[PDB]
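Structure, as structure tokens:
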Amino acid sequence: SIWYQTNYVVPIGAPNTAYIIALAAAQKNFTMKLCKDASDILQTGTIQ
Amino acid sequence: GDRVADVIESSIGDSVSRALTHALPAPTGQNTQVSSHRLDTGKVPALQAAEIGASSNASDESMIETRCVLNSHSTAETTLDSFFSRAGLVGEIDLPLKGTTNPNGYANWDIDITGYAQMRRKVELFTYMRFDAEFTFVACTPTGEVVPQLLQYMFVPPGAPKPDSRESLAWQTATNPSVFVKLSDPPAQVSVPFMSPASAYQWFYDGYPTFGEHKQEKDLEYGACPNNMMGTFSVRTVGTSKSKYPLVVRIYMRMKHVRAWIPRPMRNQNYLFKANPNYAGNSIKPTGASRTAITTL
Amino acid sequence: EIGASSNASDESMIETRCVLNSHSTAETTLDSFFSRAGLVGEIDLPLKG
Amino acid sequence: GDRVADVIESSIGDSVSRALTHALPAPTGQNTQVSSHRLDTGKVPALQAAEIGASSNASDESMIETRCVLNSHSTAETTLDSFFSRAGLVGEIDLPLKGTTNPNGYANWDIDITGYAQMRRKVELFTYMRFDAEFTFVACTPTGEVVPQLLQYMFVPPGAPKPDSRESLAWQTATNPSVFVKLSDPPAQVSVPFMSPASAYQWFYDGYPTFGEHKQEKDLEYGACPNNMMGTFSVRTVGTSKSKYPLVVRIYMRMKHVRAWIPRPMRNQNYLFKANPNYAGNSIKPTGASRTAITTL
Amino acid sequence: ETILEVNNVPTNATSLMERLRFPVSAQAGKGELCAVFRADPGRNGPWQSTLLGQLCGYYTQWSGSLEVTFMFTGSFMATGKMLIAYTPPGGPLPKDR
Amino acid sequence: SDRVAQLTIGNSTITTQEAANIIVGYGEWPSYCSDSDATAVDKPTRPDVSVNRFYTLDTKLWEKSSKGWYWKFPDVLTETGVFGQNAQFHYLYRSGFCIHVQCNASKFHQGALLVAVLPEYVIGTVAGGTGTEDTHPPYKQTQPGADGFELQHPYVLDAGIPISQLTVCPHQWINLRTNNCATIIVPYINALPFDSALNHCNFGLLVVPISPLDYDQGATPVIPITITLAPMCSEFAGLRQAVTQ
Amino acid sequence: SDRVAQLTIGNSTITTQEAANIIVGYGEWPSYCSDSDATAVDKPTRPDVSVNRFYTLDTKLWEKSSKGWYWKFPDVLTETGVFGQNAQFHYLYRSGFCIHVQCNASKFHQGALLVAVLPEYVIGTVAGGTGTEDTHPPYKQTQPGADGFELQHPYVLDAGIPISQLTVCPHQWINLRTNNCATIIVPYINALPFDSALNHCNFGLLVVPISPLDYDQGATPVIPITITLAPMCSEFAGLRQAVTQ
Ligand SMILES: CCO/N=C/c1ccc(OCC[C@@H](C)CCN2CCN(c3ccncc3)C2=O)cc1
Ligand SMILES: CCO/N=C/c1ccc(OCC[C@@H](C)CCN2CCN(c3ccncc3)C2=O)cc1
Ligand SMILES: [Cl-]
Ligand SMILES: [Cl-]
């Protein structure tokens, strides 16, 4: 969860709204096991 | 650094689990030593104090005059692998034609071996068990007949798409493991590793799987632990049209490379459900045979 | 903006204990991921079709 | 023993209070070194950043061209003992004849030096103070006259019986320390050790002396700390009949072997009560003289 | 690192690019809530937009620490302090800051 | 010299002049989780003395007709002392326990209680009597808290298993003509290094009269059984706000 | 390289890109009580990570007319987290603190806050205005809890002493054109080795605007001041039941 610790402050002449972009990935202790098919199958009918 | 005395002389943190006992080798039963008449005051092997919680340490030699017996009876047949590495029935899947259950040509089996008493009672002797296993799949019609039918078995781990029909896209099986075999071929057979996220599966989980108020509705999840839920086993006739014959697949499991911890009292009331130890209350039966009197055989 | 992923680690963001991690990374190699046979083609040989 | 890494490499427990600064000797004021014109870019002593919280480190030598000055001005007179070891008035006891207060020939003085501004303002510069003291007792009639009267002073520590009259059994003084002296004799004078149960007396205690709800009634005990209450000082004319003369005893205290910690802003509003820093709200005055404008002297 | 769709709410085609970022703006100083999301990487939700979440989809089990880096794209004159918190299992969505 | 004992841990001390030795479950002492077994990365908190101490939680009355009771760990302490607080503020918890069941009488009373520890003690229901109803025990029964819960059918330990075989678990007996207490040290038992003190009860404590209490009209009839226990080597991790369940 | 900083302790991390160094009160770091200074005999409990961490307790709004506020330690944490619990269950407590006051604005705002720490901060009353009434401040004012309390007469710090001399105490300034935070490490200060976290507030934190906030119509007018703090080397002793006051 993200909360305002203080407040977004800006002077006269600057926008009152800005955006944040979030990037994510795993640390170096990350590992996965037991291969399985993904839950999605991107196909509805036959692929021509 | 640490300077205050209580911190220096602290035990907070030793990971070494000091053990009171250790295992010794015992390939055969213990021998019996010669013994003679002892008429001593002070020494008294026969007297015990069961309140302590330990079994009696009195031996044959000290209770009667014994001869010498070199016992070479093997103890090999009572090892966990000897006891468990015998394949037994743990699941049945029906693929009927014009029936109620599966008239669509496929079937999904929740991987749970607790549906059969024999096998179940054996594993429930221990609380935690870690092992690999060999699964064998025997298929035939309901009369035990063999017909020229091709089948596909697929292991669908938690999170993978469960087939919803005989023609489901999931049978493309690009990553899941599948097995294609004919009823005419011998029983399909594969090895399965220890797949739990825990260090061991456990036949008993005295707890709930999630946080929150555990109201009546959710009381079905008491005792349910995901670490024991390995997934789904799906089977289907391999075709776009209904199969001409009804089928039955019997699943046999043979554990191997077994380790177990914490022995428990063995089940003594009929089993009723897979998920719990529920027993028939109006039918509590003694553990064994009874007799008319304590003074008569 | 640089274009590289964050180099911040657990140890520097919170007080951590020591953990000897022996979790294998073998199952995520290309051969482990791809060397599983899957359907790639179907051929039909019907009678009166 | 300790085996888990985080415990071995822990700092939990070091009693060594690592200090950033240490004291150097300084019997005299610092000398001034010769300096010349510096026209450098990069070096800039004059510029500071008070936000940091430290005082300016700029020195005479770097702000102007200075000559050499060997400064031998002593710093001895500003040591705590030099500042405090000067006896000042801290208490007055009246023993009148036909009056209202003490017409019974004796008097009990609660040992508290906060009744006089001069002395009080000085000690309140620090929060904690530890010291021994020399007390001097000057007695005479209200006109400053000396008469042939014998007096008894007695120190009654917390828990000892406070005299309730000129003839009280407590004056037997079998264990308490008492002093017998005539008004004609010179002022009685004794040495008093550091008697607190704490390592130091404290002129400020931001707290309550006991647990429980701190309702209005008990708000008088806010700031009261027993560690500062050394007892009662009782005095009486030594007789079974009323004294012929009215008396006054002025108590002077001279601290010695002084140690103090934590400097505080110095009192700038008139004192009103012994027990607290209460000030007259409708009369908040500036700390010092004022002027008509910021641009005129 | 790949972009995490914390703002996975709009769905009409013309507004899809909006899912790629969430906003912040002048508040009333009551330590107001900005956004929330589950940390479960292999679950439906924001993580589904990341390559990590997608690859994660081919494995039944996973183990490891994750990390999320937030980039502020407001003007250079804008300032501010935020409190980002991770609440381990068992803790309900935090009522207040 | 084996009938007399003293247990001191934290700011608490227990004495007994009629003991019958001490049992160390599965033959091993409680110990902190090693860096090899551990998996969570945050540095744990080990309160030590403030939580590893003797808590005396409950007293039951033994009667000529009592059936027996059970309590669950760590459920019993989740709302008690500094231990409870730590159990609530942290997601992860692990510890061992020193259990001391007390029950004294006179040299003219008789009776025997079996005091045992049963890991992963799952409770079952009588399934509607006929076994056709798939009923489940309510929260109040699986995690009875400090008050414990009385057994309905002791012979099968309310779980379809013979109490006659319960001695295969760490245990002691309180035979009034011999001892007035049982002491059992138990190490952390689970298939994971740490776990939730709230959602999972590692084991259950059972106190069941196998040989019924008896005495003659006129002897004190009120015979209490008191339960005292102390966590050992408590470790907590995964801090956050306090949660009761 | 002095304007940028990171404070990590427990499971909490603080960052700032406009700092002005760090003050270490009276020049010394917090440290546990030595065996020489100690007097109580029971072995203390040192929770470590579960209590020595950053707690963000309160936010105030700075206005062109604000007078200034104060908070008291350890009063502010007595009812928060695992620290609060330990403070309540134990009679004795001691710790140091790392205080971090936050307040950012824009390069077009101006104003300066004096952030200081004043040991044994005793509060006085205006004595009925005339000084003839011996009034005393109520519990709510001497120990305001987490909400802090607004100063009535800043010039005399509501205690008859000049705020102009408050800089003789560990302090920093938050001058909006320079920094957006103050950080002060404080060691345990008292004439006793341990003391009650309930009855005694070792020191007070004062945040007072000396140079009033100002800006032009149109710039964000809501400028918060947030208080975050972390106990250091917390030690507790004299266990018993929990007490709130
Ligand atoms: C190509 C497809 O072939 N795959 C065959 C297959 C067979 C078995 C597979 O997994 C078997 C896992 C079982 C050994 C786990 C049995 N257990 C573990 C503990 N447990 C359980 C059940 C009920 N309550 C508690 C625990 C179980 O039922 C997976 C794939
Ligand atoms: C034979 C009788 O002679 N005894 C003389 C005598 C004189 C002084 C004695 O004790 C003097 C103790 C004072 C130095 C203590 C003054 N203090 C300590 C701190 N304190 C105080 C007052 C109000 N608020 C906080 C602290 C004080 O007033 C005892 C006996
Ligand atoms: Cl409690
Ligand atoms: Cl809290």
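A note on labels: chains of the structure tokens are A, B, ... as shown, every chain counts residues from 1, and ligands are counted from 1 in their shown order.
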
- Message: 7 Å from ligand 4 is the threshold here; counting only C-alpha atoms and all ligand atoms, which polymer residues fall inside it? Answer as a ChimeraX atom specification.
- Response: /F:241-242 /G:79-81

- Item | Contacts of ligand 1, 7 Å or closer, only C-alpha atoms and all ligand atoms, given as a list in words | residues 111, 112, 113, 114, 133, 135, 153, 154, 155, 177, 178, 179, 190, 192, 201, 202, 203, 204, 228, 229, 230, 233, 274 and 275 of chain B

Write out the residues from the selection above, keeping N, CA, C and O atoms, as a compact mmCIF listing (two decimals), in the first residue's frame.
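Below is the file that was written, again_4.txt:
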# COMPACT_ATOMS: atom_id res chain seq x y z
N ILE B 111 -5.99 -35.47 -7.09
CA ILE B 111 -4.98 -36.34 -6.53
C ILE B 111 -5.02 -36.41 -5.01
O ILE B 111 -4.40 -35.59 -4.32
N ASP B 112 -5.75 -37.40 -4.51
CA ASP B 112 -5.92 -37.64 -3.07
C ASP B 112 -6.01 -39.16 -2.86
O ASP B 112 -6.95 -39.81 -3.34
N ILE B 113 -5.06 -39.73 -2.15
CA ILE B 113 -5.10 -41.18 -1.95
C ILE B 113 -5.95 -41.65 -0.76
O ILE B 113 -5.97 -42.84 -0.46
N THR B 114 -6.65 -40.74 -0.10
CA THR B 114 -7.42 -41.13 1.07
C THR B 114 -8.80 -41.74 0.84
O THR B 114 -9.61 -41.82 1.77
N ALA B 133 7.37 -41.80 -5.49
CA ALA B 133 6.37 -42.83 -5.71
C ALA B 133 6.32 -43.32 -7.14
O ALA B 133 6.68 -42.61 -8.07
N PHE B 135 3.68 -44.73 -9.87
CA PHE B 135 2.27 -44.90 -10.14
C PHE B 135 2.06 -45.78 -11.35
O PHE B 135 2.74 -45.65 -12.37
N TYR B 153 -3.26 -39.50 -20.53
CA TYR B 153 -3.30 -39.15 -19.11
C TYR B 153 -2.45 -37.89 -19.01
O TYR B 153 -1.41 -37.79 -19.67
N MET B 154 -2.88 -36.94 -18.20
CA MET B 154 -2.12 -35.71 -18.05
C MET B 154 -2.15 -35.23 -16.62
O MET B 154 -3.18 -35.29 -15.95
N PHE B 155 -0.99 -34.78 -16.15
CA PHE B 155 -0.86 -34.27 -14.79
C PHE B 155 -1.05 -32.76 -14.85
O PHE B 155 -0.28 -32.05 -15.51
N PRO B 177 3.07 -32.88 -18.04
CA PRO B 177 3.54 -34.19 -18.51
C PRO B 177 2.29 -34.98 -18.89
O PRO B 177 1.31 -35.00 -18.13
N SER B 178 2.31 -35.62 -20.05
CA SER B 178 1.19 -36.45 -20.50
C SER B 178 1.74 -37.81 -20.88
O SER B 178 2.93 -37.95 -21.14
N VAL B 179 0.86 -38.80 -20.91
CA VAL B 179 1.24 -40.16 -21.29
C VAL B 179 0.19 -40.67 -22.27
O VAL B 179 -1.00 -40.58 -22.01
N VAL B 190 4.99 -44.65 -14.27
CA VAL B 190 5.94 -43.55 -14.16
C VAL B 190 6.40 -43.30 -12.73
O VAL B 190 5.77 -43.76 -11.78
N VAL B 192 7.31 -40.50 -9.76
CA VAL B 192 6.89 -39.18 -9.32
C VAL B 192 7.75 -38.75 -8.13
O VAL B 192 7.91 -39.51 -7.17
N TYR B 201 4.82 -34.29 3.34
CA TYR B 201 3.37 -34.22 3.24
C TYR B 201 2.98 -34.56 4.68
O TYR B 201 3.80 -35.10 5.44
N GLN B 202 1.75 -34.25 5.07
CA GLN B 202 1.29 -34.60 6.41
C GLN B 202 -0.16 -35.04 6.30
O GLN B 202 -0.98 -34.38 5.66
N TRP B 203 -0.45 -36.19 6.89
CA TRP B 203 -1.79 -36.75 6.83
C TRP B 203 -2.73 -36.08 7.81
O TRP B 203 -3.92 -36.35 7.81
N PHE B 204 -2.19 -35.19 8.64
CA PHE B 204 -3.00 -34.48 9.62
C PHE B 204 -2.53 -33.06 9.79
O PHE B 204 -1.34 -32.81 10.02
N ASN B 228 -0.51 -30.43 0.85
CA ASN B 228 -0.85 -31.83 0.54
C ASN B 228 -1.59 -31.98 -0.79
O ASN B 228 -1.84 -33.10 -1.25
N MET B 229 -1.97 -30.85 -1.40
CA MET B 229 -2.73 -30.89 -2.65
C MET B 229 -1.83 -30.72 -3.86
O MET B 229 -1.55 -29.60 -4.29
N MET B 230 -1.41 -31.85 -4.42
CA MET B 230 -0.50 -31.85 -5.55
C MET B 230 -1.08 -31.56 -6.93
O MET B 230 -0.32 -31.37 -7.88
N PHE B 233 -5.35 -35.13 -11.91
CA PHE B 233 -4.94 -36.14 -12.89
C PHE B 233 -6.10 -36.28 -13.88
O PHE B 233 -7.18 -36.74 -13.50
N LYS B 274 -13.01 -38.57 2.91
CA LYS B 274 -11.60 -38.41 2.58
C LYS B 274 -10.92 -37.35 3.41
O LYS B 274 -9.86 -37.57 3.99
N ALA B 275 -11.56 -36.19 3.47
CA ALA B 275 -11.02 -35.04 4.17
C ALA B 275 -10.95 -35.01 5.68
O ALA B 275 -10.35 -34.09 6.23

- chain E residues near chain B (10 Å cut-off, only C-alpha atoms) as a ChimeraX atom specification: /E:42-43,57-63,89-92

Using only C-alpha atoms, I'd like every residue of chain G that has an atom within 12 Å of chain E; please write them out as a tab-separated table (two decimals) with N, CA and C atoms, in the first residue's frame.
chain	number	residue	atom	x	y	z
G	11	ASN	N	12.62	-3.44	10.21
G	11	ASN	CA	12.11	-3.73	8.87
G	11	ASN	C	11.68	-2.42	8.21
G	12	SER	N	12.30	-1.32	8.63
G	12	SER	CA	11.95	-0.01	8.11
G	12	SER	C	13.13	0.80	7.56
G	13	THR	N	12.90	1.47	6.44
G	13	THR	CA	13.92	2.29	5.81
G	13	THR	C	13.40	3.67	5.41
G	14	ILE	N	14.18	4.69	5.75
G	14	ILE	CA	13.84	6.07	5.44
G	14	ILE	C	14.87	6.64	4.47
G	15	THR	N	14.41	7.44	3.53
G	15	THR	CA	15.29	8.07	2.56
G	15	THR	C	15.02	9.56	2.53
G	16	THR	N	16.03	10.34	2.18
G	16	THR	CA	15.88	11.78	2.05
G	16	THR	C	16.94	12.23	1.06
G	17	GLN	N	16.59	13.19	0.22
G	17	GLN	CA	17.53	13.68	-0.77
G	17	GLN	C	17.89	15.14	-0.49
G	18	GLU	N	17.42	15.64	0.65
G	18	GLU	CA	17.68	17.01	1.08
G	18	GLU	C	17.83	17.09	2.59
G	54	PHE	N	11.31	2.11	12.89
G	54	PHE	CA	10.66	3.39	12.67
G	54	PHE	C	9.14	3.38	12.72
G	55	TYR	N	8.60	4.13	13.67
G	55	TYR	CA	7.16	4.27	13.83
G	55	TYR	C	6.80	5.68	13.36
G	56	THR	N	5.87	5.79	12.42
G	56	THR	CA	5.43	7.10	11.90
G	56	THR	C	4.10	7.40	12.61
G	57	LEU	N	4.19	8.19	13.67
G	57	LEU	CA	3.05	8.53	14.53
G	57	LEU	C	2.09	9.67	14.27
G	58	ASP	N	2.53	10.77	13.68
G	58	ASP	CA	1.58	11.86	13.57
G	58	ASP	C	1.94	12.88	12.51
G	59	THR	N	0.93	13.59	12.01
G	59	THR	CA	1.13	14.61	11.00
G	59	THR	C	0.38	15.87	11.39
G	60	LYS	N	1.05	17.01	11.30
G	60	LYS	CA	0.42	18.27	11.64
G	60	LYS	C	0.49	19.13	10.39
G	61	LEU	N	-0.34	20.16	10.32
G	61	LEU	CA	-0.32	21.03	9.16
G	61	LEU	C	0.32	22.35	9.54
G	62	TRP	N	1.30	22.75	8.76
G	62	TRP	CA	1.99	24.00	9.02
G	62	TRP	C	1.18	25.10	8.36
G	63	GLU	N	0.86	26.14	9.13
G	63	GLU	CA	0.10	27.26	8.59
G	63	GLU	C	0.78	28.57	8.88
G	101	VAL	N	12.03	14.21	11.68
G	101	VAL	CA	10.90	15.08	11.37
G	101	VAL	C	10.93	15.41	9.88
G	102	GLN	N	9.81	15.19	9.20
G	102	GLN	CA	9.75	15.43	7.76
G	102	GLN	C	8.83	16.58	7.38
G	103	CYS	N	9.28	17.39	6.43
G	103	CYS	CA	8.49	18.51	5.94
G	103	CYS	C	9.11	19.06	4.66
G	104	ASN	N	8.46	18.79	3.53
G	104	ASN	CA	8.97	19.27	2.25
G	104	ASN	C	7.99	20.29	1.68
G	105	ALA	N	8.47	21.13	0.77
G	105	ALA	CA	7.62	22.14	0.15
G	105	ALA	C	8.07	22.31	-1.29
G	106	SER	N	8.26	23.54	-1.75
G	106	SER	CA	8.71	23.76	-3.13
G	106	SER	C	9.80	24.80	-3.09
G	107	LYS	N	10.48	25.01	-4.20
G	107	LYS	CA	11.52	26.01	-4.20
G	107	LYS	C	10.95	27.43	-4.16
G	108	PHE	N	9.63	27.55	-4.06
G	108	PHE	CA	8.98	28.86	-3.98
G	108	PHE	C	8.32	29.15	-2.64
G	109	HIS	N	8.42	28.19	-1.72
G	109	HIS	CA	7.89	28.35	-0.36
G	109	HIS	C	9.07	28.76	0.51
G	176	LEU	N	13.09	25.46	4.67
G	176	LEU	CA	12.60	25.00	3.38
G	176	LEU	C	13.49	25.22	2.16
G	179	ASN	N	16.68	22.19	3.43
G	179	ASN	CA	16.45	20.78	3.72
G	179	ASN	C	14.97	20.51	4.00
G	180	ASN	N	14.57	19.25	3.91
G	180	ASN	CA	13.18	18.88	4.15
G	180	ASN	C	13.04	17.90	5.30
G	181	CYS	N	14.01	17.88	6.21
G	181	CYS	CA	13.94	16.97	7.34
G	181	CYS	C	15.05	17.22	8.35
G	218	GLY	N	-1.84	30.18	-4.95
G	218	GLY	CA	-1.67	29.28	-6.08
G	218	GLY	C	-0.66	28.16	-5.90
G	219	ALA	N	0.19	28.28	-4.88
G	219	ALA	CA	1.18	27.25	-4.59
G	219	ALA	C	0.46	26.33	-3.62
G	220	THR	N	0.82	25.04	-3.59
G	220	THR	CA	0.14	24.12	-2.67
G	220	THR	C	0.18	24.73	-1.28
G	221	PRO	N	-0.99	24.93	-0.67
G	221	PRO	CA	-1.07	25.52	0.68
G	221	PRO	C	-1.01	24.54	1.84
G	222	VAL	N	-1.21	23.26	1.54
G	222	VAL	CA	-1.17	22.22	2.57
G	222	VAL	C	0.25	21.69	2.72
G	223	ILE	N	0.94	22.13	3.77
G	223	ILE	CA	2.31	21.71	4.03
G	223	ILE	C	2.36	20.89	5.32
G	224	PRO	N	2.37	19.56	5.22
G	224	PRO	CA	2.41	18.74	6.43
G	224	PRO	C	3.80	18.61	7.05
G	225	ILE	N	3.81	18.24	8.33
G	225	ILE	CA	5.03	18.01	9.08
G	225	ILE	C	4.76	16.63	9.66
G	226	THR	N	5.54	15.64	9.29
G	226	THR	CA	5.29	14.31	9.82
G	226	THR	C	6.41	13.88	10.76
G	227	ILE	N	6.02	13.22	11.84
G	227	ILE	CA	6.95	12.76	12.86
G	227	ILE	C	7.16	11.26	12.82
G	228	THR	N	8.40	10.84	12.59
G	228	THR	CA	8.73	9.42	12.57
G	228	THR	C	9.84	9.26	13.61

- Using backbone DSSP assignments, extract all strand (DSSP E or B) residues from segment 18-234 of chain B; output them as a PyMOL selection string. chain B and resi 19+28+32+69+74+88-95+106-110+126-140+150-156+178-182+188-192+201-202+207+232-234

- Message: With only C-alpha atoms considered, list every residue of chain B at most 8 Å from chain F, as an MDAnalysis selection string.
- Response: chainID B and resid 12:21 50:53 127:128 198:202 204:216 219:220 222:223 262:270 272:273 276:283 287

- Task: Up to 6 Å from chain G, what residues of chain F turn up? Count only C-alpha atoms and give them as a PyMOL selection string.
- Result: chain F and resi 45+47+49-50

- Task: Please report as number ranges by chain which residues of chain F come no farther than 12 Å from chain A, using only C-alpha atoms.
- Result: F: 39-41

May I have the residues from that selection written out with N, CA, C and O atoms, as a compact mmCIF listing (two decimals), in the first residue's frame?
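Final output, selection-v1.txt:
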# COMPACT_ATOMS: atom_id res chain seq x y z
N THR F 39 14.06 -20.16 6.07
CA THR F 39 13.79 -19.78 4.70
C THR F 39 13.44 -18.29 4.62
O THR F 39 13.87 -17.60 3.70
N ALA F 40 12.67 -17.79 5.58
CA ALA F 40 12.31 -16.37 5.61
C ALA F 40 13.60 -15.58 5.87
O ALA F 40 14.42 -15.97 6.70
N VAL F 41 13.75 -14.44 5.19
CA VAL F 41 14.96 -13.64 5.33
C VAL F 41 15.04 -12.59 6.44
O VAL F 41 16.13 -12.20 6.82

- Message: Nearest residue to chain C out of B:181, B:169, B:289, B:294, using only C-alpha atoms?
- Response: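 Of B:181, B:169, B:289, B:294, the one nearest chain C is B:169, counting only C-alpha atoms.
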